[PDB]
Structures are given as C-alpha cells and as structure tokens.
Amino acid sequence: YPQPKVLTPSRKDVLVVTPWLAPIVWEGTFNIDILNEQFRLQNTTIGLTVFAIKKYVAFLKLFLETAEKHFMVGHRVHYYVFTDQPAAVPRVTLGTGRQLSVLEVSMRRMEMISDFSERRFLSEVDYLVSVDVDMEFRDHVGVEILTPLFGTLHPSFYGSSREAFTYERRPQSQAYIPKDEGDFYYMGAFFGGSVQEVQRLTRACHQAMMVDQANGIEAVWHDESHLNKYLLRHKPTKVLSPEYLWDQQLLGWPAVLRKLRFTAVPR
C-alpha cells in the first residue's frame, strides 16, 4: 500500500500511457494487489486460446506448465486448445479453478476465434486472450492486461519510426496503412480483450481477409497486418509493453525490460 507519488513518474525511460490515454503496461506501473482484488470481486474468468497444429503440438507441454505457474494465478482460467491432434495434447495438471478444452480443427486463427467466441466463449469467459503456442511464461502475466481491448508492442519494432513498420503498404489491401499513419506496430502473437471486443476484432479481420482473397491479394504479414489496421482504427484501451512478448535469443535483455514475462522458445 505504498502511497502513489504524484511528483515522481512511475517510469522515466518509457511512455506509460498512449495519446488516447490507454495505459502502456510495464513493470513499475501497477500494483498487482489492487488489481487482483478488483478482478476477484467480479469473479473474472479468463479464456486463453492457443493453436497447436501439426508439429506445433510439441510446444504445448512447456506452454501449459509455465502458464500454470505465471498466467492469471488466483483467477479462473479456461484454456482452449485448437488442434488437429486431440490425443497429442499433454495431460498437464491444473491449479484449482482452471480448465482446458480441446477443440478439434493464414485466415484461420481469426475465423476460428470468431466462430468459437460466438458459441462457447460468451458464455464461458469474461475476457479472451489469444497467443502463439511456441512460447513459454517466465514471469507474471496477470489481470493488469485485462481491458475491453488490447494489443502488444512487437519486440522488434517498439523503437522504430512508423515508416519502418512493416504495415501492409499496397492500397489494394484491406490492411493498407499509409506511410504517414500509425501509432504502434502490434504483434499478432498476443492480443485480447472482453469477449465482445474480441468477437468484433476477429470478425472484422476475418471479413477483411476474405475481401483481400477475393481480390487475389495477401497482406504482407497476414493476420498481423489486419490486426494492425484494426487497432489503428479501433484503438486498444491498453497496450502491453514488450515485457509481454519477447525473444531473448534474438534481442537480449535490454535495460528498459525489468521483466521478460512471455518469451519465444528456441499465422
């Protein structure tokens, strides 16, 4: 219960709020005890979707074991594993209040989250988070991320000028973003929000991808390109810092990262 200090920035090295007043989530900006209590009072349930198709099933065991140690501990969690191999899903032991469902299955993540968010998820979960499976948790990822809509700063681009962002640059594409436009480059590997905002986003990105396909065009970075266009027009109500999406082998451990929470393991 340290008293917040009005005259001392929570960080002096990084931007902790966007120009539309969305928090940018970094270590030092939040008190987890306050936040945990706010979300427990609502009995919050968090859905986490992950796709593990073909060879990617090999990633699930470490993904699930580390999510058990770091993800939303103390809160209700429902993992949704989309896989082409139901029997290759490992039996990881889960903490109390946590469950896993197997859902048997470029355009494909968006469409499938969109279909299932309109069935099951509504309904089962208050927030939906969508990540890649070839990842491991190494530190706390909790209710600090939760908000109607969020994206995550891509670890390769957070220091970049917008012209260097690998947005879709061809105006023939639904994901087109002009050269003088763009707040941030968001990574496709970590986004989420309330179920409603997630249904809206994945529905938009899936509808935009079909339009692009009917026109014989594929956005340069696929659903990530559409994600960026969607979050340009519908601004996230929190942005995660790259603590939440890192590759240490590629990028090290710079000084602005006080924690590496969710990292790549060596669409």
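The first residue of the shown sequence is 1; numbering continues from there.
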### Message
Neighbours in the displayed sequence, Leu94 and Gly95 may still hide a gap; how many deposited residues lack coordinates there, none, 1 to 3, 4 to 9, or 10 or more?
### Response
none
### Query
Between 208 to 216 and 233 to 241, which has the larger average Cα B-factor in the PDB entry?
208 to 216
### Task
Output the stretch having the higher mean C-alpha B factor in the entry; the candidates are 251 to 259 and 19 to 27.
251 to 259
### Message
Given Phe51, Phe39, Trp221, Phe59, identify the residue with the highest C-alpha B factor in the PDB entry.
### Response
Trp221
### Task
Could you check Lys179, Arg76, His154, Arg138 and tell me which one carries the biggest Cα B-factor in the deposited entry?
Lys179
### Message
Where does the C-alpha B-factor of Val195 rank in its chain, lowest, middle or highest third?
### Response
middle
### Query
Would the CA B-factor of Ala164 place it in the lowest, middle or highest third of its chain?
highest
## Note on the structure
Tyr127: C-alpha B-factor third of its chain, per the entry, is the lowest
### Query
Going by what the PDB entry lists, where does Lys55 fall on CA B-factor within its chain: lowest, middle or highest third?
highest
### Task
Taking the values exactly as deposited, rank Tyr185 by C-alpha B-factor within its chain and report the matching third: lowest, middle or highest.
middle
